[PDB]
Ligand SMILES: *Cc1ccc([N+](=O)[O-])c(OS(C)(=O)=O)c1
Ligand SMILES: *Cc1ccc([N+](=O)[O-])c(OS(C)(=O)=O)c1
Ligand SMILES: [Ca+2]
Ligand SMILES: [Ca+2]
Ligand SMILES: [Cl-]
Ligand SMILES: [Cl-]
């Protein structure tokens, strides 16, 4: 642990500064250091961890897609493939790092529904990113690992959270994207998005104005996908 | 040299791929490797080197400004200063790397006006970025190093290039910014921008349609600054 | 098809 | 006050 000499609270403070400075690799390293202190993460701290790694892997995924597209056009010297492979290996390394933090030991210590669902959704997301670049022998096993994590998160969220809970909504959104983009199950994606949207709409009447805004924001993303898929 | 085993042409190819993928740190490392092969750079290759490092240092400068602003507000724990210092040291390291490539041995081998002016403008720019964060003992010497590099570039460009040449125009633009932002000489900045713009306008009649577009693009940046400064 | 953007705390 | 953007080849 390169962050081992820094106080937990200082790592969290610096992760917030790094977000403001748009230094997402720094953010991720600070939050990794905070996780490695061994204490559970608060709601805000979980969000910082997720935002940091989502930005890091988001940049890698965008670059991988650019290079993969150039490579595929060239297959219609070794440099394009070599550089795509380098970016791919870097991306896989970040996903493995996130999955390692979840496995050592965030998930096993997460007893509340909000934390456990949050971490299992992350686990599904990072296996999904591995699946986007996977080809042979373990592509099926990677896909099943994403599916299994999302499914456990879904089972807990349906029993323990209201249908408008933003984490429950984002989990359903991302699982529907998994179905559409990874599992070649567009009908399952559409059905999940529709049922999620409808059950959320029926629960909006229970919410404060601020919660209503939080939930409808994510509901619009579900509707956006349904518009694209139908 | 970590790029020492890769062919020069492959480093250049990968720098172009890295630009398309918006992987500017990779771009810079590839172009550093190409420079370290020891051959002179073509016009296109000089542009790749400049674009790569300008993006890297541009991100660092933006982050440094965010953190410096937070730090100054807090002076109206040590974490903000510590993190600003870390970013500052990283930025200084990139500037020192660029300046080292220019000194070993790009400038000494650059005999044509286009290459020599290009590299001396870069030298001025990277000392200017050092000056933006410099405080004590050597801040004056850093400023004079930027001034000296820009001045030599200006002397060559006035003797060897037409007033509409895009490198001559961008050099004048950046030297005017040096005067305004670093040297506390706003009148010199305004006079340089005005004279540069006027002499370019009088030379536009000699240009093709494509050259006209190149020159007027940079002239608009001069006018934009003059509007801000007057 | 968009997942949660999730890029801003 | 803007210098050359210079971020795109
Ligand atoms: C997975 C997820 C869904 C929804 C939300 N949210 O409503 O903010 C989050 O949190 S965040 C700030 O990372 O986008 C995560
Ligand atoms: C310093 C400079 C001025 C103008 C131009 N240009 O006209 O393209 C350049 O080249 S670039 C592609 O780096 O912006 C440099
Ligand atoms: Ca617990
Ligand atoms: Ca020469
Ligand atoms: Cl402690
Ligand atoms: Cl060779």
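Take residue B:224 and tell me if it is within 10 Å of another protein chain (Cβ to nearest Cβ) and either out of contact with any helix residue (DSSP H, G or I) (no Cβ under 8 Å at 6 or more places or on another chain) or within 16 Å of ligand 6 (Cβ to nearest atom) (or both).
Working: within 10 Å of another protein chain (Cβ to nearest Cβ): yes; either out of contact with any helix residue (DSSP H, G or I) (no Cβ under 8 Å at 6 or more places or on another chain) or within 16 Å of ligand 6 (Cβ to nearest atom) (or both): yes.
Judged against the criteria, residue B:224 is a match.
Evaluate the following for residue A:122: is it more than 14 Å from chain C (Cβ to nearest Cβ) and at negative phi?
Numbers: more than 14 Å from chain C (Cβ to nearest Cβ): no; at negative phi: yes.
Spelling it out, it is not the case that residue A:122 is more than 14 Å from chain C (Cβ to nearest Cβ) and at negative phi.
Return yes when residue B:96 is under 14 Å from the mean Cα position of the chain (by Cα) and surrounded by fewer than 15 Cβ atoms within 10 Å (Cβ to Cβ) and no when it is not. Outline the logic, then answer.
Details: under 14 Å from the mean Cα position of the chain (by Cα): yes; surrounded by fewer than 15 Cβ atoms within 10 Å (Cβ to Cβ): yes.
Yes, satisfied.
Check B:54, B:37, B:32, B:16 and return the single one that is closer than 30 Å to residue B:82 by Cα and either within 16 Å of ligand 4 (Cβ to nearest atom) or over 15 Å from the mean Cα position of the chain (by Cα) (or both). Even if it seems obvious, please write down each step before you answer.
Details: B:54 fails: either within 16 Å of ligand 4 (Cβ to nearest atom) or over 15 Å from the mean Cα position of the chain (by Cα) (or both); B:37 fails: closer than 30 Å to residue B:82 by Cα; B:16 fails: closer than 30 Å to residue B:82 by Cα.
Unique residue meeting the criteria: B:32.
From (1) touching a helix residue (DSSP H, G or I) at 6+ places or on another chain (Cβ under 6 Å); (2) within 14 Å of ligand 2 (Cβ to nearest atom); (3) more than 24 Å from residue B:224 (Cα to Cα), pick out the condition that doesn't hold for residue B:175.
Only one criterion in (1) touching a helix residue (DSSP H, G or I) at 6+ places or on another chain (Cβ under 6 Å); (2) within 14 Å of ligand 2 (Cβ to nearest atom); (3) more than 24 Å from residue B:224 (Cα to Cα) is unmet by residue B:175, namely (3).
Hey, does the range A:5-13 have a residue that's farther than 20 Å from residue A:104 by Cα, buried (at least 22 other Cβ atoms within 10 Å of the Cβ) and more than 16 Å from ligand 3 (Cβ to nearest atom)?
No, there is no match, as no residue in the range A:5-13 is farther than 20 Å from residue A:104 by Cα, buried (at least 22 other Cβ atoms within 10 Å of the Cβ) and more than 16 Å from ligand 3 (Cβ to nearest atom).
Does the range A:101-113 contain at least one residue that is within 11 Å of the chain's Cα centre (by Cα), within 15 Å of ligand 1 (Cβ to nearest atom) and buried (at least 19 other Cβ atoms within 10 Å of the Cβ)? Let's see the steps before the verdict.
Initial filter on the range A:101-113 (within 11 Å of the chain's Cα centre (by Cα)): none.
No, there is no match, as no residue in the range A:101-113 is within 11 Å of the chain's Cα centre (by Cα), within 15 Å of ligand 1 (Cβ to nearest atom) and buried (at least 19 other Cβ atoms within 10 Å of the Cβ).
Out of contact with any helix residue (DSSP H, G or I) (no Cβ under 8 Å at 6 or more places or on another chain) and either surrounded by fewer than 21 Cβ atoms within 10 Å (Cβ to Cβ) or closer than 26 Å to residue B:111 by Cα (or both), is that true of residue B:185? Write out each step before concluding.
Working: out of contact with any helix residue (DSSP H, G or I) (no Cβ under 8 Å at 6 or more places or on another chain): no; either surrounded by fewer than 21 Cβ atoms within 10 Å (Cβ to Cβ) or closer than 26 Å to residue B:111 by Cα (or both): yes.
Spelling it out, it is not the case that residue B:185 is out of contact with any helix residue (DSSP H, G or I) (no Cβ under 8 Å at 6 or more places or on another chain) and either surrounded by fewer than 21 Cβ atoms within 10 Å (Cβ to Cβ) or closer than 26 Å to residue B:111 by Cα (or both).
Looking at the structure I just gave you, is residue A:193 over 20 Å from residue A:132 (Cα atoms), surrounded by 11 or more Cβ atoms within 10 Å (Cβ to Cβ) and within 12 Å of chain C (Cβ to nearest Cβ)?
On the way: over 20 Å from residue A:132 (Cα atoms): yes; surrounded by 11 or more Cβ atoms within 10 Å (Cβ to Cβ): yes; within 12 Å of chain C (Cβ to nearest Cβ): yes.
Yes; evaluated as a whole, the condition is true for this residue.
Readers should treat all values here as calculations from the given coordinates under stated rules, not as data from a laboratory. So basically every Cβ, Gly included, is an ideal-geometry build from the backbone, and we count neighbours across all protein chains shown.
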